[PDB]
């Protein structure tokens, strides 16, 4: 166990575009983040991870980068960015930025040159291939719909894009590409950035000769794209030439990587990355083939995945833990119950388990308020290119009826987490003086930061209390994680232990009162915190009477 600031820190993720607008154009910006640092400090946040802040045409809201060395026009200036770093440092907060180097915008200078001719010096910065029998090079599908190969009539070849056609993949097999990327990383790291979150880090290495995927592989192509023969060689080379020269925290977004293989990216002995962003938990109820469709899940599955993720990190790796983010539905809607009667208690319950995992917790903007999914009705209400791609592939082809599709994407769309942050009860929830780029959830009159910061029993203040408790108790960061019963579908209970310091965490996932007798002669010394409960717990109790959605943290005897 090696203590590190990034294992003990409580991170907060800010999606700039939807956090706080300060110029009235309806788009959140860097000055807006700066304006709200005192709010985040009050919450108790130690580090902020911001989504892409670089010059971009926004086909994928920042993840299609046109110029890596320029600030996104809508977000502000380089001076604004340096000020954010300064203002955060003054508050002992650290900044983590998003590194998107699997692909660039098709407007990026490198691609503009690459596509201009087969002999351009930059041709090999991307993947260009001839048609196979007048068709795409192979059957690779794109995550955002259709083929991962886009035809360019000028040079009579197709280029590879795992994501949007406007996101051509960089050729990491070209040493010149790697060297230019490392130089770019240094440009940002030398500005004082404390962390890097690597976007789709496991797909940098492409499969030699691009052979077709089998019928089976097509059902989970994401996993096939993480099987490049040089991925670890490249991540480790990046560590040796760049990462190891700074005291930074690096997170790896390893979507598609089988859990068993994830440790190769985060085992500290391997000199690759630091913090694992696994997706086994957050996608537990998602179809792996029709990635927009959801299915029913049970608490036993949820906790069994957590146990597997914990065991996989083991002694040498380290995990992040989050229940939502900008690519997934809101935590309270997904894992809790967002109906008016249960939103606040279930949100507090999820906050309790989040802040007490043996992992670095990441709180997504607005979930500290209990923000919920957005009430989408028609397909034209979505901004997300991913849902549009699924719509084209599944509904426009007649494979799935529009109503069944909408029933599912209302619950799974990334856009559920991209509606503007709900600051107060004023027009557009105080997010902007103009017209928001994406509509504000009508529930902002009931759910907003101003209403909650001064109410001691608010969701915001429950997160604040839990963050302080985590900061105060080492066992809640480093303690061994033990699930008391992986097969229990009603009461989630586990202990966090560091020597003689042992804590119990309990969450009643059912909307009925539950009695829960502790196992193995465990008994309670004292309550640390609890939520949605008026029941009295006393010294030596070994049985808890749990109200619906009740959660709590207890110090155990011995």
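Positions refer to the first chain, counted from 1.
S.K.: Mind pulling up the entry and telling me whether 395-403 or 86-94 has the higher mean Cα temperature factor?
M.R.: Between 86-94 and 395-403, it is 86-94 that shows the higher mean C-alpha B-factor.
S.K.: Tell me which stretch has the larger mean Cα B-factor in this entry, 218-226 or 159-167.
M.R.: Looking at the recorded C-alpha B-factors, 218-226 comes out higher on average.
S.K.: Which listed residue, 173, 337, 307, 415, has the largest C-alpha temperature factor in the record?
M.R.: Across 173, 337, 307, 415, the entry lists the biggest C-alpha B-factor for 173.
S.K.: Pick out which of 78, 349, 449, 409 has the highest C-alpha B-factor in the PDB entry.
M.R.: Comparing C-alpha B-factors across 78, 349, 449, 409, the maximum falls on 78.
S.K.: When the deposited Cα B-factors of this chain's modelled residues are ordered and cut into thirds, is residue 32 in the lowest, the middle or the highest one?
M.R.: It belongs to the middle third of the chain when residues are ordered by C-alpha B-factor.
S.K.: Could you tell me which third, lowest, middle or highest, the C-alpha B-factor of residue 10 occupies within its chain?
M.R.: Its C-alpha B-factor, which the entry lists for residue 10, ranks in the lowest third among residues of this chain.
S.K.: Residue 556: which third of its chain by C-alpha temperature factor?
M.R.: Its C-alpha B-factor belongs to the middle third of this chain's values.
S.K.: Sort the modelled residues of this chain by their C-alpha B factor and say whether residue 55 lands in the lowest, middle or highest third.
M.R.: Middle third by C-alpha B-factor.
S.K.: Using the B-factor values recorded in the entry, state whether the Cα atom of residue 531 falls in the lowest, middle or highest third among the modelled residues of its chain.
M.R.: Top third by C-alpha B-factor.
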